[PDB]
Structures are given as C-alpha cells and as structure tokens.
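Inside the fold
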Amino acid sequence: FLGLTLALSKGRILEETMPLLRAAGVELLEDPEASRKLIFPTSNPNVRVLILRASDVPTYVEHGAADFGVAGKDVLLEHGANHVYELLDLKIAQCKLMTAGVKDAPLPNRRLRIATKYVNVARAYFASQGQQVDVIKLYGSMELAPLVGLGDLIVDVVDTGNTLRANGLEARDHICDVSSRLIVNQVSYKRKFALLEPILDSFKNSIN
Amino acid sequence: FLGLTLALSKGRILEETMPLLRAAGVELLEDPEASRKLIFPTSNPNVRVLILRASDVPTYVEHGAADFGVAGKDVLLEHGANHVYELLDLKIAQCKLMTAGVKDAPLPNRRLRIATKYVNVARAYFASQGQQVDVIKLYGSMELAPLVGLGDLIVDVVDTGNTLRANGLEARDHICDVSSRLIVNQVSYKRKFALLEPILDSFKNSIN
Amino acid sequence: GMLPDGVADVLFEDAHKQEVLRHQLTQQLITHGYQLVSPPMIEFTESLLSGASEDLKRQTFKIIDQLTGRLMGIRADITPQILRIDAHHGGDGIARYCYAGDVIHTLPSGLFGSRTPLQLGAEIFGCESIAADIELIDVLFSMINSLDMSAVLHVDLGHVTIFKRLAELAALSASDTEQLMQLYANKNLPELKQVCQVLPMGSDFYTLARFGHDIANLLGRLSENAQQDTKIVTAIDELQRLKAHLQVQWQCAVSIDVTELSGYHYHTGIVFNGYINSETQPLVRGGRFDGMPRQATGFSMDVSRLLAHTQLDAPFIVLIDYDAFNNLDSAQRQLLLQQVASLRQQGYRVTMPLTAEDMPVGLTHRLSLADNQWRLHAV
Amino acid sequence: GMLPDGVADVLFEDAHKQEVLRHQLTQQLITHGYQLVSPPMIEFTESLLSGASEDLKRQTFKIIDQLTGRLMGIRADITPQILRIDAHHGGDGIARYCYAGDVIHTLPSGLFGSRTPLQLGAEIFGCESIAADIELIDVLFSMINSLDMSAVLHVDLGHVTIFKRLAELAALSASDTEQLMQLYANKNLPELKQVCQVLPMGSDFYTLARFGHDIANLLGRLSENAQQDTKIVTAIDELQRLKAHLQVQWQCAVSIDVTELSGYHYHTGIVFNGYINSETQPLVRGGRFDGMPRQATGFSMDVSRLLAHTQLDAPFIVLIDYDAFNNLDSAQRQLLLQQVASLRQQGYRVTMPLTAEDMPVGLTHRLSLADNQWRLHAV
Amino acid sequence: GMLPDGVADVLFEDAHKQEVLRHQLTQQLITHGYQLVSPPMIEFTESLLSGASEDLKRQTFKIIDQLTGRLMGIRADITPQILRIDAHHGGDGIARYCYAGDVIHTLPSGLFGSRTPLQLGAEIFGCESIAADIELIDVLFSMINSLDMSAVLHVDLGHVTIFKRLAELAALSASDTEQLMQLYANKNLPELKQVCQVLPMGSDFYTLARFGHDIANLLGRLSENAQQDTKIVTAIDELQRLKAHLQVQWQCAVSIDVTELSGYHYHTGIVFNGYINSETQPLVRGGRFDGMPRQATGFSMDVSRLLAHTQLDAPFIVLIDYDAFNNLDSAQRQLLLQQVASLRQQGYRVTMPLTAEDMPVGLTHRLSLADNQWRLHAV
Amino acid sequence: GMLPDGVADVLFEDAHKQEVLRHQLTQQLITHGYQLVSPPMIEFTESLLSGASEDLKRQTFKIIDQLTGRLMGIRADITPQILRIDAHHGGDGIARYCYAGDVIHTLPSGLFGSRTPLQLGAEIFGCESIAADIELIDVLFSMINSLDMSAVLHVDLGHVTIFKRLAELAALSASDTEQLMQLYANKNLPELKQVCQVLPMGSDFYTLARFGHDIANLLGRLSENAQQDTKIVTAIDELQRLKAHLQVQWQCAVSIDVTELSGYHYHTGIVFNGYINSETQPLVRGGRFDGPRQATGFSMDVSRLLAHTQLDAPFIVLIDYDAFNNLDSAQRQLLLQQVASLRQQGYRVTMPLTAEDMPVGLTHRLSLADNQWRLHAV
Ligand SMILES: O=P(O)(O)OC[C@H]1O[C@H](OP(=O)(O)OP(=O)(O)O)[C@H](O)[C@@H]1O
Ligand SMILES: O=P(O)(O)OC[C@H]1O[C@H](OP(=O)(O)OP(=O)(O)O)[C@H](O)[C@@H]1O
Ligand SMILES: [Cl-]
Ligand SMILES: [Cl-]
Ligand SMILES: [Cl-]
Ligand SMILES: [Cl-]
Ligand SMILES: [Cl-]
Ligand SMILES: [Cl-]
Ligand SMILES: [Cl-]
Ligand SMILES: [Cl-]
Ligand SMILES: [Cl-]
Ligand SMILES: [Mg+2]
Ligand SMILES: [Mg+2]
Ligand SMILES: [Mg+2]
Ligand SMILES: [Mg+2]
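Residues numbered from 1 in each chain as written, not as in the entry; some residues may be left out. Chains lettered and ligands numbered in written order. Part of a larger assembly, values for the part shown. Heavy atoms only, no water.

Method of determination, as given in the entry header: X-ray crystallography; reported resolution: 2.2900 Å.

1. Re helix α6 (residues 160-169) of chain C
Residue and element names in this part refer to chain C. Most of α6 is tucked away, with seven of its 10 residues classed as buried. Among all positions in α6, only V160, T161, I162, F163, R165, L166 and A167 are buried. Once α6 ends, the next one or two residues include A171, with phi positive near 55°. (Buried < 20%, exposed > 50% of the residue type's maximum accessible area, 1.4 Å probe, protein only. Helix = DSSP H or I, 4+ residues; strand = E, 2+ residues; numbered from the N terminus.)

2. Some points on the packing of helix α6 (residues 160-169) of chain E against helix α11 (residues 230-248) of chain E
Residue and element names in this part refer to chain E. Viewed as axis vectors pointing N to C, α6 and α11 meet at an angle of 165°, and their least axial separation amounts to 9 Å. On the basis of the axis angle, α6 is roughly antiparallel to α11. Of the two possible hands of crossing, α6 and α11 adopt the one that is left-handed. Mapping the contact onto sequence places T161, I162, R165, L166 and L169 in α6 and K231, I232, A235, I236 and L239 in α11. Across the contact of α6 with α11, the residue classes tally to seven nonpolar, one polar and two charged. (Axes fitted to C-alpha atoms, helices over the stretch in contact; angles between N-to-C directions. Parallel < 35°, antiparallel > 145°, perpendicular 65-115°, else oblique. Left-handed = near helix turned anticlockwise from the far one by under 90°. Contact = heavy atoms within 4.5 Å. Nonpolar A, V, L, I, M, F, W, Y, C, P; charged D, E, K, R; others polar.)

3. Considerations on the interface of chain D and chain C
Buried accessible area, meaning the area lost when the parts come together, often serves as the stated size of an interface. At the interface, 73 residues of chain D touch 74 residues of chain C. Taken together, both faces of the contact between chain D and chain C bury some 6,200 Å²; the carbon and sulfur share is 64%. The largest share of the area that chain D buries against chain C comes from D:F12, D:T31 and D:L354, three residues that together contribute 11% of it. The interface formed by chain D and chain C holds seven salt bridges in total. Taken together, the connections running from chain D to chain C amount to 23 residue pairs in polar contact. Ranked by residues supplied to the side of chain D that touches chain C, first place goes to helix α1 (residues 13-31) of chain D with 11 residues. By residue class, the composition of the side of chain D that touches chain C is 39 nonpolar, 18 polar and 16 charged. In this structure, strand β2 (residues 35-38) of chain C lies alongside strand β1 (residues 10-11) of chain D, joined through two bridges in antiparallel fashion. (Buried area = accessible area lost by both parts, 1.4 Å probe. Salt bridge = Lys/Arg side-chain N within 4 Å of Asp/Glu carboxyl O. Polar contact = N/O pair within 3.5 Å; in protein donor to acceptor, adjacent residues only side chain to side chain. Pairing = 2+ DSSP bridges.)

4. Some words on the sheet that holds strand β13 (residues 317-320) of chain D
Residue and element names in this part refer to chain D. Pairing is mixed in the open sheet, where four strands are placed in the order β14-β13-β15-β16. Each edge of the open sheet is held by one strand with a lone partner, namely β14 (349-351) and β16 (374-378). Direction aside, neighbouring strands of the sheet carry axes that sit 30° apart on average. As paired elements, β13 and strand β15 (residues 365-369) share three bridges and run parallel to each other. From the neighbouring strand, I320 faces β15, where its bridge partner is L367.

5. Let's talk about the domain arrangement of chain A
Residue and element names in this part refer to chain A. Along its sequence, chain A is organised into domain 1 (1-94 + 177-208) and domain 2 (95-176). Just the C-alpha atoms count here: the centres of domain 1 and domain 2 sit 29 Å apart. Each partner contributes to the interface: domain 1 provides eight residues, whereas domain 2 provides 12 residues. Both sides together, the interface formed by domain 1 and domain 2 hides about 880 Å², and carbon and sulfur atoms give 48% of it. The largest contributions to the domain 1 side of the interface with domain 2 come from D74, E78 and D177, which together make up 59% of the buried area. One salt bridge in this structure joins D159 and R12, with 3.0 Å as the shortest N-O distance. Counting across the domain 1 and domain 2 interface gives seven residue pairs in polar contact. Every element with two or more residues in the side of domain 1 that touches domain 2 is listed here: α3 (73-79) and β10 (169-178). It is α3 that provides the largest number of residues to the side of domain 1 that touches domain 2, a total of three residues. Per-class residue counts for the side of domain 1 that touches domain 2 are three nonpolar, one polar and four charged. (Domains from an automatic or database assignment.)

Here it is in structure tokens:
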C-alpha cells in the first residue's frame, strides 16, 4: 500500500476525531463498532485507517506500520514519544492526569503505594514532588485499587470527576493537562509529506 | 474485611467459574453484567468477589488485595507466578499458546519481528528454539500486526483457530497448553487455610 | 534529594520510636541472659562470607580496603559475625548472644522490601535439644507482647531436614533438586504432579507440597522407606512439639509448610517465619543453623518494620517564654535552669528559645512566669 | 579472624555500655529540643557528596545501585544528610536536629584510629547568633557531665573568619594563603616570621600565631585596619563570650587557637575541638558551617571513644538452679517467673537453664530454693 | 543463548566483512594523515566523563576499580579519550587522530538499535577554519566511495551557533529555550507559531523552522539585530561553503536544518548528520566540539551498520581431498603443501582435513587429484 | 591523565602495528579454514558465565541491564562465547573458529599484567584425535614465524588428566586436592614431601612435582595402580608425541610440567604455555577443554607482540601549502589524482590546512618544480 495509514484510538478519541477527518476529505465508509474489519478504507483512496487500543497507537506509528496517528498525551507520556514527531495538538478529548485517593482518608505514615496504568508518569510526578513511592502496574480499571487496599492512591485521567466520585474517591493533585495529539512516523514525514501536508493543513484550519 | 476476597476475570473465566462457586456454597447476589459494582458480596458472608481485567488478577492476588483468584495460565506465565501458589488446574477455557503468521507466507530469512501481548513468553520460547527475535509489546488485538507488517509473527492464545483464519492468519508453532488456574496468595494460604480448605475441596471435587 | 529504592529516612517521632524499640528489645534480651555483641559494619570477605550461600554473596556489597588492597564486604547478615565471635569466645558449652545493628542488601528481599534494615536478633549456640528453640520462641513472644500491638503475628513452621533426607534417599540429581525447590516455592501442584510421576520417590516429594500442612498425618502418608528414616521421624516430631507449645503456651495460630526451603544452604533443621498481619515479607525469620561441630539456632527481625504497628505516649513538647526568660536576673535564671533540668529528667522536651519566633515542632505546652513562679500550661 | 585496621568488635560489657551511652545521650538531646533523625547508611552520591570537600569524597566508599546502575556511597559523615533533611523539612525558621549512627571511612584519621565510628551529634539551623553556639555547648557539657568520667575534656576554640578576613584585606594569592596555612598547621614560627616580612599586613598573620592564644588582648595587638574590621571584631568578641561561658558555667579549661584552620572550606566561623586527656584526635569536633543562605552550627563525636572513659556498675548475672526449678509444680513455677520478671525489670540478667551444665558467663549469683523460698546467693 | 537487546553476534562472512571494513577504513584514514590511536575500553570516570553531557553520563556503564576503590567507566564515546591524548601529545598546532573501537551504551538510541557499536572516526584538533570541516568531508566521502555501495548517503547540515546566538540576543530563559527545542525536534509549526508570537524576536525563531532549509536567503529573512550579529553571519556563511563543496566536489544531496539541536551541549558550531537510504538513525554524526581553548572537529560512525550495505566477492572455500592426500608419498605431500601455501597467500581458505568427514562450512571447491595433477573442481 | 593500573593506551605507530598484526594474524587463521566470529563485548551472565570457574567469575566485571534488571558481564574470555556459538551453529562434525577482540579483567593476572588485552585465538571443536592439537600447534607456529621476531618462544607442556586420575584413584577430598594444588603452584617440594607422606598414593603426587619434567621415565616411576590406569598412560603418551612433534617439525625447546594445574576446572587434558623470551606471563595459553563435544584451542594477547615486532618505516608526505594554493581548479584536480595514487601505494599524505601544518614524523615533501610535482626527502 503506497498511501497513508492512519492509526486511531477507539472510543472518545474516535468520536471527536471524525469531524476533523471529515473536513480533511477522509471519511470512513462504514461504522468500525459494527465491523469485523481491522483495516478500513476511506473516501480518500490514498488513506486507510486502523482502529487500535489507545496504548498501541504510538507503537504502530513509531515502527512504520502506520504513517501517522491520533493519541492522547497521557499515552505518549507513558509510552515515551521519542521516535515520533508530535506535529499537532488537536485540542480534543481534553482531560487531566490526576492522583486520586479514597474520599476523606488520611495519608498513611508508611511509604505510599500507587496503583496505575501510568507507571512512568507516576514515578516522574512523585519524583518532582520529592516523595518516594512504590508503584504497581495495572492494565484495567484503577478505581477499585484504593478500595481493597492495593494502593493508597491511583493516577488516572479525570474529566468531570464523576467516575471518581461514583466509586467513593476524590481527585487530589493535578499532574498535567491532556489532549489528543497527531503523531507522525519520522520516515513518513520525509517520504510522504506531499500526501500528508493537505491533511495537516485541514486539521490545523479545523482547530483555529 | 476478615473473609476471603476472590479475584475473577470477566468473560469466559467468570461464566465457567460461577458453577464451581455455586457447588462451594458461594453465589453472587446479583448479575455482574447489569451492575456498576466492582466489589460483589455473596450468599456466603465470608466471601466477596472482585471483577478485574484478566492481566490484573495475578497482581491483586500476589499483593494480598485478593486472597485467591482464577487466572489463565497464559497470564500467569507472562506475569510470573513466583509470589502466588498455583493450586489447581480448573480445566476451563482450555486453549493453546501459539505463534501465528500470514496464511502461506513463508518466513523471511532476516531477523524475526514478534508482535505480542505475551512478550516474556515469546522471548523465552524463541530463546529455546535458538531464534534471535525483535519483540514488540502490544496491549490490544494482535491479528492486525502481521497484515500491516508490524511483525512477521504473533504469539497469541488459539482454541478453534477461527479468529486466525477469519483474519487471513494461520497457526504455526505450538508453544504450550493453557487453562485457567486457581491461584492463592501465600500469606492467605497460611493464615486463612480454614476458610480456604472447604472451597478448594469443593472445586477439586467438582473438577475430578 | 531522592533516595534509592528500598532506602528510607526514619525521621522525628518515628526515629524516636525506633530508638525506644531498639533499646527496649535489646535490654529485654540482655535480661534473659543473652550477651550483647556489636560487631562492625564491614569485615574482610574471607571472614564475612566464610561458608556463605550464593544468595548471601550476591546480597553483600563489596568494597576495597586501600590499606591492604583486599576485598571487604558491608554485612548483609549479622549471624556470620556471631559465628566468628562464638568460635573465639564461646567454648564448648551453651552460649547466648544478642545484637542490633544496621545491615545493607544489594537488592530488596521481596516486594518493595527495605535494603537498609535495622536487624535485631538472638542466638543460642551449643544446645542440640529442641528446648533451645522453645526458649527462643518464648523470649521472642515475650518481646512481642511487651510492644502492646494490635497487629497479630502468624507463625509458619517448616523443617528442611524432611526434604533433604528424601533427596538423599531418592539419590536426586542437583537439577531435579533445583526443579523441585522451584516448584515448591510457587506450590505449583499441577506441574509438580507431572514432574513427580517420573522421579524416584516422587510420591513423597508430591506429598510434601500437597499434604505438608497436615503435620499430624504426614508420616503415615510417606513411603515405607521414608517412614523408617529416623531423621525424618525426628523432624516431624520436632514440628509437632513446637506447634503444640505455640498453641498451648502462647495461643498462637500456627501453619506448617515442610516445603519452605528458602535458606536451604544455611538452615539445618526447623525453620520459623513470623508474619505481621497480611504483610508479604516475614517480620521474624529464624531457625536452626550450623556453627563452626557446633549446634546453633536463632532469629532476627527488622526493627524498622515494627514502627507502623507500635505507639508511644504523646510527647510533652515545652517552650519557655522568650520575653519573661530575658527579664530574669542571673539567680532567677539559675533556678529556672534547675527547674528545666528536672522537667527534662522526667522526659519533657524543653526548648530554651533563641528568639521570640523560635518555636519547637509539635508544641504542646508553654512554661510561663506568673507571680514569680514558672508553670506549665497547654497551648 | 583478622579484622581490617580501624575495625573492631565491641563485645559483651563494652557492647552493653555502648548501648547505654547511645540511648542516654540520644534521650538527653531529645529532651533539649533536638529532633532525632535516622538517615540511612547509603545514598546516591548526588545528595551524599553535594558540595563535599575533596577529603570527604575520598573518605566515602563507592558502590553501584543494581536497580539503576547509578553511583551510591556509604556515608562518611551524617551532616550532609541533615542538610538534605533540613532543606525539605526545616522551613525558614530555627530547626534543631540530632542523630546517632554508624559511619564508614576509607582511611583512619589518627594512628590506629577507627574507620567505623558510632557518630553522635546535634545541629542548629537558621540562627545567626552566637546564642546558638552557646546552646550547643550547654547541651554538649550537660551530656558530658552525665557520663561521670574521671577523664578531663580540654576545649580548643578557633575562628576561621579572622584569618579569612585578613587574607581578603591583604589581597593574598592562593599560593601565599596555602603557604601560611601549612606553616600554621606545622607551628613553624621562624619561617612564618620570614614569609610575613614580605606580605601585605604580614605582621597581622604573625600576630595570630604568636599572640592569638591571649584572646583578651588580641584585638589591640592587630593593625589599625584589622582592628577596625567588623568581622574580625565580631569574631574575637564571639571567642571571648564562648570562652567565658565554658569556664564559668561549665568549669571547662579553654585554650584559644585562631590558627586552627583544618576544614577551611566547610567551616564558616567559630570552631570547637574537645580533647579527652592527652589523646591526639579530638573526641568532639564542632563549629559553624553552611546550610542550603542558611545558617548552621553543630558538633559530632564517636560514641565508641567514650567506652574507655566511662564505667557502669557491675552487672548482676543470675542463674536459676536447674534441679530445683524442674521439681516445681506449675503454680510454683508461675510464682518464680513473676519473681524473675521483677528481677529482670530491675536490670538483673536472669538465665533460665536448658541443662544442669548451662552456666552464664560472669556468673555472680544463683537464685536457689532453700526452705520453700527463692533467694539470691553470691557464688 | 538469548542475548540482551541491542547486542548481536557478528558471525562468519559478516565478521569477515566487518574485519575488512575496519581494516581498509582505518588504512584510508592513515593515508590521509590521521594518526591512529587505540585507547582502552575502560578508564577512571574523572578522565572519561570530564565535561561530559548528562546524556553521555547516563549512557556510560559504571564499574569499580578493585585496586583503588575508584570509579571507572566502560566507554560510550571515544572522543573524550582523544581529548585526553591530544592534551598530552598534541601541542598547540594542528593534530589529526583516527580510531576504530568497540563502545558500549547503557540504552539503545534507535528502535531495536545497537548498544555495542564498533565506532570508527577521525578528528582534527587546532584549526579554527572551515577548511578543517571541508577536509573531514573529503576524507569521509573518499571512504564512503571506496565501499562501492548502492545505498545513497544523504547529508543534513546544521549549525548550533545560529540558534544559540538568537537565544542570547532574545534573552530567552532556560524553560523558553527548552520549549523551542522540543517544538523544533517535533516539527510542531502551529504551536511554534503561537509561542513565537509571545516571544522577543519570535519571528526569527519561527523563520529557522519554516525557512532554515533555504540557506541562500536565510540571513535576508532574519531581523536587523540578527543580521548585525557577526557569529550568526559567519555561521550562515560556513553553511553555504560546506553546501557548495558537497555539491561541487562530491555531488552530494544536501539538506540544511538549522533547527537540528541534538547534542546542544557538546556541539559548538557546524554539525553534519549522514543518513543511509531511509534509516532513521544517522550513520555518520559529525561537527565542531571543544578540546577541553582548543579547536576540534570530527566525525564517527558505527562500522557494523555498513555490513547490510556492502558486499565482498564470494569466498573460495577449498577442501583438500582426505583419501587422496593420505595415499601420497612424502615428496608429493610437500609439493601439494607448497601449492596450498600459494593458494592461501592469494586469499583462498584451504582446510587440511583431519578425517574423511571433515567438511568446512560453505564449501565451494575441492582440491582433488586427477591424472597425476592437483586441480580445483567446483562442488 | 592517569589510567588505571594494567590499562594502557596503544598510540600512533604502535596502534598502526597492532592493527596490522591483528589483521594479518586473523587473515592467516581464515586461510587455514578457521571461521571468523566476532561475539559481543557484553552478554547476560547466564550465558557468559555458564559453568564458569570461580576465577573467571571474579575476573568478570558485572553490570546491570536497565531494560530487564538482569546482570550482564563484560567478557574476560572469548572461549565461553565460542562454546555458545558452536552449540547453535556447529553441528556434530568438526568445526573451526577464530576470533580477535578486547577482553576486560577486574584484576591483573600476575606481575604487572594487563587488564585490557586484545585477545586473539583459534579453536577446533569435534575432533578427539591428537591430530587437532597438532594442527593448532602448526598453525600457531606458522603465525609466530610470519611475524619474523628475533625473540624466541619457549613452550611448556602439561596435562591435567594425570593428576585428575591419581586424585580419583586415591579418593582425595576437596581440601587435600586444593592443598596439593597450592603446593604444586609454587613447587614447594619440602612441604609437599611432608603432606604426601600422610596421603594415599602420596609418593605418586610427590613424583609428579619432582620427576614430572622427565616425561620419558615418568610412567616407570609411578605406582603399579597408576601404571595400569589407561587414561594416565594415554596422557603421558600425548605429552611425548607433542614434544617430539614440536622438536622435529619446529626445532622448539620444550619443557614438561605435569603439575601445571592453573585453570584446573576448564582444562580436560593437554595444556600448552608459550613464553616469549624470559617474560613471566605466557604469551600463548592453550589446551583441551569441554564443548559430549571435544574442543581444543589457544589464545594470545596481540598487544604483547608490539615490543617484539617491527614494520617498515612509514612514508609521511606533506604537500607544499603555497604551491597548492597557487594552482587553478584544473591543476588542483590533477594533483589530487596524483595524491590518490600515492595513498593507494601506502604513502601518508597530508593536504595542509595552513603553511605551518606539519605531520608528525615528516619524511617527504611533495613540491612543485617546472609544472610538475615530485617527492623530495627532508
Ligand atoms: O472524569 P470522568 O468524566 O468520569 O471520566 C474519567 C474516565 O475516563 C477514563 O476512562 P475512559 O474514558 O477510557 O473509559 P470510559 O469512557 O468507559 O470511562 C478514566 O479511566 C475514567 O474512567
Ligand atoms: O481460536 P479461537 O477459538 O478463535 O479463539 C482465539 C481467540 O480468543 C482470544 O480472544 P479474547 O480472549 O479477546 O476473547 P474474544 O474472542 O471473545 O474477544 C484471543 O485473543 C483469540 O483471538
Ligand atoms: Cl472530587
Ligand atoms: Cl514511508
Ligand atoms: Cl517489551
Ligand atoms: Cl490455522
Ligand atoms: Cl491473610
Ligand atoms: Cl532483617
Ligand atoms: Cl565521628
Ligand atoms: Cl557509533
Ligand atoms: Cl589474552
Ligand atoms: Mg541471621
Ligand atoms: Mg559532621
Ligand atoms: Mg565521538
Ligand atoms: Mg580462552
């Protein structure tokens, strides 16, 4: 395939990216949620789409299996964004990386245990605060971890705070601001700029 | 909580473990599918159940946040079952860890790229075959990886083979047999053996 | 600064508590007739790692003695130093020793473990009898009860002799032995059942992992050859006596795991692991070991791990009023200093202020001059 | 076994004495308002050797953290760890800290000096005033008097500011500054005299060495410019207040040496060195140094060097009679063990025998049954 | 056995090819007047990481010297060793060095990249002129052309002085400088445009990213303050001369990127990055650096990365027929061995067999006997 | 700047010579059928120190792989890596390997030894016959002779099988065996006499140290039990054969020491030590070792040949700065063509950056006289 391969995260990022893609002349020809297909054609025959789990988007782009992709800043910070160009902040899927604990519970005098997907971000954050922490990698939902004593705190993305409050947790510290970014493979940026540039301009103009 | 905490995986593990629990006198008080709850009480007031992503079950169990759990042997091999006891082959969700590649595509002569969830299993397996490999971690679905050239092979669990064949892939090498195992925290096994024994006996009786 | 992993400051009230604990437990051991020794942090590796397992050598940092060009180690374990001391001072009779000092480990022992424990321990040399082990148990439990914790110690008992004997009778290879120990550490009964079907006396090796917890019936489940082996019969009986003693004398919940084989190379008999609440790493480790032919048994614990489970009385933190102290003439100052010395002798923490802003952390009381008299008032 | 040079066992009664001293001196510091901290033995060199002298760097053993591959060290000095702790926890105000912990040195200081001292100390951060230095003296001599030694503590006072200020006012090169320090350290008056003839303010550098011991007249002996210099005037005044306080309040013999310039780069003012009898290396070293601009002043000492100058009362070492004990019924046993518990609470060291031959080292008394009553008899 | 990531065996014909490449490239550099030096794999960190960037420090494995206790490192870069050699042997004039040796990195740079490169390079010390950078280019392209590759080398020129000078003239804070560098690295023009609208001379910083590629018109796009800076003017002129020389003399495809600011701390001027085909990590890295005020410029490359792009003539792999050889009389064997020595001198790989089965790998010819004469026959 | 003890730069003409030596010796081994391999400097200790003796372990610097947390080692010996390579690539037949690379030691072995030798070697796997050992010797000596040194190689032969068999037959404990090795290590005959009197077959163990040098009569001096042992008879015979081969084929002065037992745990038979002049550390170490797969080989530190070898004086040419700058563009390209030819012949030609740019060791100037460039000696 000689065109561009676009890697997209499923769910909220997919939903908020569809308009930008529409404006750039790239619509999917079917609903990914109702499909067995893994590679999707688009209205532009020079572009195809992969629908991936969020944490796999940087992996496909950096190895050149996709030429470019859309991923949350949370995923890129945790993954390490070293081998891709973060060309554009798309200002979609805005949220916050935060620490969170059980509602009203005090910090225990012993060393803090953190349970989280965002293991590198957790260590990096608590390093800058001068706190020493034990960190436990989780792959799934984190809201349960404080409630059954796995960790004292979690690190997760928070938008409204409703998921935290519904599980008897509260947001504690703000780590950083998150939004979805366009990442580009370093080779693809040179070899396929002609194909890329119109699409990058259309995304840039949509964000205005 | 003074009783036992049981960590279960969603899906095939949960559905096939419910009967074993029922025979042991433990029934969930409501349906997990139609519930927002994370912690579930049972008909036995000394047992409560956690519903986790499969890869987190060994984590919760080894740290004692769960006293015991049901987990695929694939997940335990990948994670490392060094800090937990593997007491029983429950013989549910029987399948195989295998390599898989594109249908009829022969191996390239160059260094092989393996894309997989099962990074540690893959390294160990290809090391034992005297094969130098480049391993790429994936969190999501692995069937896409050979089709966009991310890797030459994948390592994944195979039962019928229908998911592979539906995506233009074929099973290649058998790595090992996999089934769900009953795991127990070491401290829990020592301290709460009186609570554990009847349930473990029930499970054993149900399986043999 | 940021400290290495498994390395923590103990600060302020926690440090004060650690000092109190260290001192109380040491004095208790002394008053039970254990001779306090305080060997140094470093020695030549010749002495410090004499007869050491591969585990202890990997755990010991090495450093260079510039005066001789020789290797030294920072101790990972005080027990090898007690061997050295006992060899020169101990004689052929019974000798008792205790100690409390820092040890350093290259890697943590387990999940988020400390690399800088405050190791406190007691050892009895020169007594073959199970009575020495029972004295250590009694001294340990007495020490534990003096701390008035709400945390509960669960005791797990093992006995390396049982497995070592079966290994010799079965004539197991080094690789078979290493495989079984690996499978025992994870109590991997499915794979152990497979491996044991193709091994000599494999029926017994499986039985140890499957039924080792049930110590009253373990002997009958073993093969005819293993039942005739006196050391196996003795080891099982030793386990039964300690179990009974712990339940009767101390109301202690005891579990048995005869496949507990960590420290295979240093342990020579009964082993003891005390777990605090549900914490993964044992608080107390002990058991029988080899002197240099000389019997030995002992335990040790990280004093630092007691800090989350113990409580001191709230301290009395007192500040003398700055203005009123400066208004005093020389003879009134000397009387106040006499009064302050007396309060300090009772355990009040009294600060003499350097300025009007000088404020001790955690202030509870002021010492204030009212009608030519100094009195304490709460803040 | 051979131990390395500067590395010794502290055993038995010496170990008991060291335990008592560490604890009592620590409790005294806490009662004077100093917060106990217990930093770890090992840190990353980044923090441990931040702003260190070349000597401290060379004195610090290096080791590799196997979890990061970064450099760590074994502390040779606790003070830099107190800086780290104070930077994070201290705030802007006054803060007091004390500590007692093992440090390790690559090379000994004195002839046959220790490389493994038990370093005990106290520090005050955030007070510019000489009052802080006087408080430290009060604390130090309160501790020394509690030791009830026959040995005499002689105190040398210096003040590095005097020489530093003269060197700045004299526009001394690094070369001349080094030469003067060498000559001061070696007490070579004749060469000092010659070298001073060709230096600006040379007579002042000579005056420090020749007449600095007479601190009451030193200011009037200096040149017009040095007499008027504010830091020199203050420094000399500080020496006089500190001398007067030591002799008057604490009955301590004080000598002045304003040419005491070791630790030139760490000391920022007054320096204190306490000597025990005629021993060459000071027991106590102290003075002003930098925090962080944060004021700091402190002292430290090797607790193990107090062992040879302190005494405890002879211990009571008791052995329960074996035969009589085993002959008791459970209620009698219970009565005896309460009586033994009371003895142990009073510091008696009571061994329960494991055999008829179980004999504690240094036995002083037998607790024997005679006429249905248990009593102590001297051996 | 499994090898670590970024660690590979180089085997057989690849090894032979690596040997030929290392030798021929070293000999070429020697013939251009570069002095070969072979510094060791390990050194004290004092020398090895003198004035090292933070990156180089992290990339260097640490080990302890057991003769001194001092810290050593396994070299991650040969250039600091060349500085050391030049400081002692180089004098004040021009000095030329080349080298070829193994270096180890703690982490790989590229995806599945090597941690064990065979680093080859050349450096010129003591020349300020652009002429020295031009000579290095001439030597590099002479070497590249000798390899007879079909792969095309694309050269990227930058010059760190331009941005550094703009940063000074704009009085940028560290955090502002770091933010611009991250945006340049990431090619984020839209966010760069926004950050540059709120910065002093932000229009020049945005110009570097948007119009740096066009070097002929770059000076004339910059502000008046930047156009008046001689260092910026010189830097741009240096870029133009190098570009012209690479197109004229070598017909090289040259891109300019003045936002190429990796190695911001070691580079001091003009930089070159040679890329092979479409591989992401540059094959050749070069540029101006400091001779810690000694001028230095150089380049290096991993020789092992040439292996995939170069070919040798197929090897002649000869087996002497075992049975026919052992039927020979002594005189016939001597004549055959003379023929074998002659073949070996011309680069034939002749195996003298130990057995009838002795079979070299990749056999191409047999030296067989046919009608009383020894000839090569293809298999 | 100062370097660690036993760590030396190799500089300038010595570096050039080291590179020539490395290349020539490697190419010689390749032309004798040895497969070149270049294993890495670092590996996991799991592979690198698989079945390693305590001395090899102590000599190996350990480091941590940040990617996995596992211990790696910097190689102190390339032979274990050849074993790994042979196990995967070499099959059941005969296989030949050669190598040349840097190895690193934690401590120097012996008086003022190097810790960073350039280790060059060759190994034959899969041949039990003494013929493989003979082939290695012939290769070795062919390499040594090609260097045209005036320095002389003395060979010392040993055979660990003789002592290993006597120790098994006598049923010695570990501590007795170790005591005999220490006494053998510095041939302490008086104390060996005492220790041997209390040991089983003690006169055999004393005979090795005392009469081991006289290999023709050694069998006749051993006890009747040792004389009946087939492996002892073969070992003594192997020593006689190699001694005769070295004398007849190579005119080599050979000494025998059957108590040469350093590397007791890796050597499985014949051992070979080559000494250059009177130097304390052998230049060449070799011997039989384990692969059940037979192996035998040698290695040497290439850097130790530098003091004993010489290359021809180099031709170091400087082009005249002023004449070069006065040339037009077409004339420049003709000179460069002429210079490219000089370089192809092995001349070292400096194109000057300045009029003061002078190469070290200048022998010739290239000078412009009557529209022609010619070489003149300085
Ligand atoms: O602050 P809130 O508005 O409650 O949103 C926060 C949620 O978003 C994230 O999950 P994600 O969006 O990946 O999954 P979800 O859509 O199922 O919550 C996160 O793990 C929380 O569950
Ligand atoms: O050989 P088959 O019978 O097709 O089954 C194999 C599939 O099972 C697993 O799916 P997963 O655990 O994600 O469950 P799912 O198939 O229900 O998604 C795995 O990821 C394979 O795709
Ligand atoms: Cl909240
Ligand atoms: Cl591309
Ligand atoms: Cl990975
Ligand atoms: Cl299939
Ligand atoms: Cl529990
Ligand atoms: Cl401990
Ligand atoms: Cl001290
Ligand atoms: Cl490189
Ligand atoms: Cl060597
Ligand atoms: Mg111990
Ligand atoms: Mg200090
Ligand atoms: Mg370099
Ligand atoms: Mg070797």
